[PDB]
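Structure assessment
For reference, the chains in residue letters:
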Amino acid sequence: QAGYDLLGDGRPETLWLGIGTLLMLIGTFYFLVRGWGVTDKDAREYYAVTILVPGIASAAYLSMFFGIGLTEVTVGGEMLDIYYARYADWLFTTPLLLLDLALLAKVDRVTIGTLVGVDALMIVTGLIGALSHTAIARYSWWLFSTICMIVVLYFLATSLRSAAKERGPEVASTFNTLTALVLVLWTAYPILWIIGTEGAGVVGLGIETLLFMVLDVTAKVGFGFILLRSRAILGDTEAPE
Ligand SMILES: *C\C=C(C)/C=C/C=C(C)/C=C/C1=C(C)CCCC1(C)C
Ligand SMILES: CCCCCCCCCCCCCCCC
Ligand SMILES: CCCCCCCCCCCCCCCC
Ligand SMILES: CCCCCCCCCCCCCCCC
Ligand SMILES: CCCCCCCCCCCCCCCC
Ligand SMILES: CCCCCCCCC
Ligand SMILES: CCCCCCCCC
Ligand SMILES: CCCCCCCCC
Ligand SMILES: [Ca+2]
Ligand SMILES: [Cl-]
Ligand SMILES: [Cl-]
Ligand SMILES: [Cl-]
Ligand code: NA
């Protein structure tokens, strides 16, 4: 694979996992330090949710870097590498990102339940795809998972957007900016998966790891940066519980 075998264990992709680890750690510490000087009760909720996003990713990236939770899946002759921690990361962090958006929109607990439920299904069916031993199964689970993603994105772009709008221009502008980012960035994930080692195998494990790393840092640190510098986080929130 494209990269450099940093730890001398036959894995060129550790170059990208190592860089990922550092950027996630730096992002976590940045938000944490900025968080310390925040007193508004609403701002503090946004900081708490948002710090955990690169924080959990940091742990997953460190694990993958050291080769913890790495295994092989047989698809005929081919043995595919699967990093379990990638999926565990996404399981925890995608709901947290959706919670940030739901707090801005100030939607009800049932709406939030639906959003995070379909999101969880997206990730789980992604994992089933990655562990499947035939081509037909892998592509089928990918498609099912992609339909779940579209449902999530549709809810953001319609129901949550309309709710955010009535909270006035500050909240609405921040919501719209973040949703514009999400609609593009999240859609890149299924594309990379199907052209990479898990799908068609046009791109190898090296390039794939690199590009997931860029997506992850943008979707987590980039998202957090835009959110936490907005005045909208001072506005009233109502957590689902
Ligand atoms: C780390 C932060 C984010 C926002 C990660 C997002 C990941 C996805 C949107 C993954 C989606 C997938 C789909 C739709 C199809 C199967 C494979 C994936 C799990 C990568
Ligand atoms: C309170 C407003 C939101 C409640 C919406 C009720 C309908 C629920 C739709 C469920 C969609 C799940 C998709 C499963 C994967 C395709
Ligand atoms: C109102 C529409 C809501 C649902 C949108 C889901 C599809 C997202 C399309 C964005 C495609 C970006 C491709 C970027 C890859 C380089
Ligand atoms: C033999 C040593 C090869 C070293 C290759 C270094 C290439 C540059 C790496 C930059 C990775 C992109 C970081 C993106 C940050 C979001
Ligand atoms: C003024 C802020 C300085 C410290 C910010 C730390 C963030 C480190 C992560 C690298 C940023 C990549 C995010 C991509 C932005 C689109
Ligand atoms: C042979 C040493 C390679 C070290 C890679 C550093 C990457 C800088 C971003
Ligand atoms: C305060 C830093 C965030 C920690 C997130 C949880 C990962 C450690 C087990
Ligand atoms: C919670 C972070 C996991 C990092 C594992 C380190 C293992 C050292 C060999
Ligand atoms: Ca307030
Ligand atoms: Cl404050
Ligand atoms: Cl307050
Ligand atoms: Cl490669
Ligand atoms: Na290595």
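This part covers the coordination of the sodium ion (ligand 13). Those donors, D5 (OD), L7 (N), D9 (OD), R11 (O) and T14 (OG1), are the protein atoms that reach the sodium ion (ligand 13), and they lie 2.5 to 3.1 Å from it. Of note, the sodium ion (ligand 13) draws all its donor residues from one chain, in the sequence arrangement D-x1-L-x1-D-x1-R-x2-T. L7 sits in the partly exposed class, given a relative accessible area of 37%. Judged by its relative accessible area of 7%, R11 falls in the buried class.

This paragraph deals with the packing of helix α2 (residues 41-66) against helix α7 (residues 205-228). Two numbers describe a pair of packed helices, the interaxial angle and the distance between the axes. Look at α2 against α7: their axes get within 10 Å of each other, and the N-to-C directions meet at 160°. Taken together, α2 and α7 sit at an angle that is classed as roughly antiparallel. In the packing of α2 onto α7, the handedness of the crossing is left-handed. Across the interface between the two elements, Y46, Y47, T50, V53, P54, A57 and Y61 of α2 pack against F212, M213, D216, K220, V221, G224, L227 and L228 of α7.

Within the first shell, the calcium ion (ligand 9) binds the protein through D40 (OD), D40 (OD), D42 (OD) and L234 (O), at distances of 2.3 to 2.8 Å. All donors of the calcium ion (ligand 9) come from a single chain, and their spacing in sequence reads D-x1-D-x191-L. Of this pair, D42 sits in helix α2 while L234 sits in the segment after α7; the two residues are 192 residues apart in sequence, bridging distant segments of the chain. Here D42 falls in the buried class, since its relative accessible area comes to 13%.

Okay, the nonpolar core next. One finds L104, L156, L160, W186 and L227 to be the most contacted residues of the largest nonpolar core, which totals 64 residues. Put simply, the parts of the chain that give this core at least two residues each are α1 (14-36), α2, β2 (78-83), α3 (84-105), α4 (109-130), α5 (135-165), α6 (169-195) and α7. Sequence-distant contacts of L160, that is, excluding residues within four places in its chain, are made with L101, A102, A105, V107, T111, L115, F155 and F175.

When we look at a pair of aromatic rings, we describe it by the centre distance and by the angle of the planes. All chains considered together, the criterion is met by eight aromatic pairs. Arranged with centres 5.2 Å apart and planes meeting at 70°, the rings of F65 and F66 form a pair that is edge-to-face. Classification of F65 as buried rests on a relative accessible area of 13%. Here the aromatic rings of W141 and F144 are separated by 6.3 Å at their centres, their planes lie at 70°, and the arrangement is edge-to-face. Taken together, the residues span about one helical turn, with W141 and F144 both in helix α5 at a distance of three residues. Overall, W141 belongs to the partly exposed group, its relative accessible area being 33%. Residue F144 is classed as partly exposed on the basis of its relative accessible area of 38%.

To continue, consider the pairing of β2. Of the strand pairs in this sheet, strand β1 (residues 70-75) and β2 are connected by six bridges, and their pairing is antiparallel. When the bridges of β2 are listed, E72 appears paired with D81. Here β1 folds back onto β2 in antiparallel fashion, the turn holding two residues, of which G76 has a positive phi close to 85°.

With that out of the way, let us pick up the environment of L183. Considering the arrangement of structural elements, one finds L183 in helix α6. In this view, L183 contacts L153, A157 and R161; residues no more than four positions away in its chain are not counted.

Another aspect to go through is the environment of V49. When you line up the elements, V49 lands in helix α2. Taking the C-alpha atoms as reference points, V49 and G224, 175 residues apart in sequence, are found 9.8 Å from one another. What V49 contacts, discounting residues up to four positions off in sequence, is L96, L99 and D100.

Before going further, it helps to examine the UniProt feature "transmembrane region" in the protein. In this numbering, the UniProt entry assigns the feature "transmembrane region" to residues 13-34, 44-65, 84-105, 109-131, 136-164, 168-196 and 205-237. Annotated as residues 44-65, this span is 100% helix and 0% strand, and its ends, taken at the C-alpha atoms, are 32 Å apart.

Here α5 spans 44 Å end to end across 31 residues, near enough to the 45 Å set by a 1.5 Å rise per residue. Along α5, the sharpest kink reaches roughly 30°, centred on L156. Of all the positions in α5, only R138, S145, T146, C148, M149, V152, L153, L156, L160 and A164 are classed as buried. Those residues of α5 hidden inside the fold are in contact with β1, β2, α3, α4 and α6.

Cut-off values and rules
- Residues numbered from 1 in each chain as written, not as in the entry; some residues may be left out.
- Chains lettered and ligands numbered in written order.
- Heavy atoms only, no water.
- Residues with missing side-chain atoms left out of burial classes, pairs and counts.
- Donors = N, O, S within 2.8 Å, 3.2 Å for Na, K, Ca; no water.
- Buried < 20%, exposed > 50% of the residue type's maximum accessible area, 1.4 Å probe, protein only.
- Axes fitted to C-alpha atoms, helices over the stretch in contact; angles between N-to-C directions.
- Helix = DSSP H or I, 4+ residues; strand = E, 2+ residues; numbered from the N terminus.
- Parallel < 35°, antiparallel > 145°, perpendicular 65-115°, else oblique.
- Left-handed = near helix turned anticlockwise from the far one by under 90°.
- Contact = heavy atoms within 4.5 Å.
- Core = buried A, V, L, I, M, F, W, Y, C linked by side-chain atoms within 4.5 Å.
- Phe/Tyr/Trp six-rings, centres within 6.5 Å; stacked < 30°, edge-to-face > 60°.
- Pairing = 2+ DSSP bridges.
- UniProt positions renumbered as here; feature names shortened; annotations may be inferred.
- Expected span 1.5 Å × (residues − 1).
- Bend = angle between axes of the 7 residues up to and from the residue.

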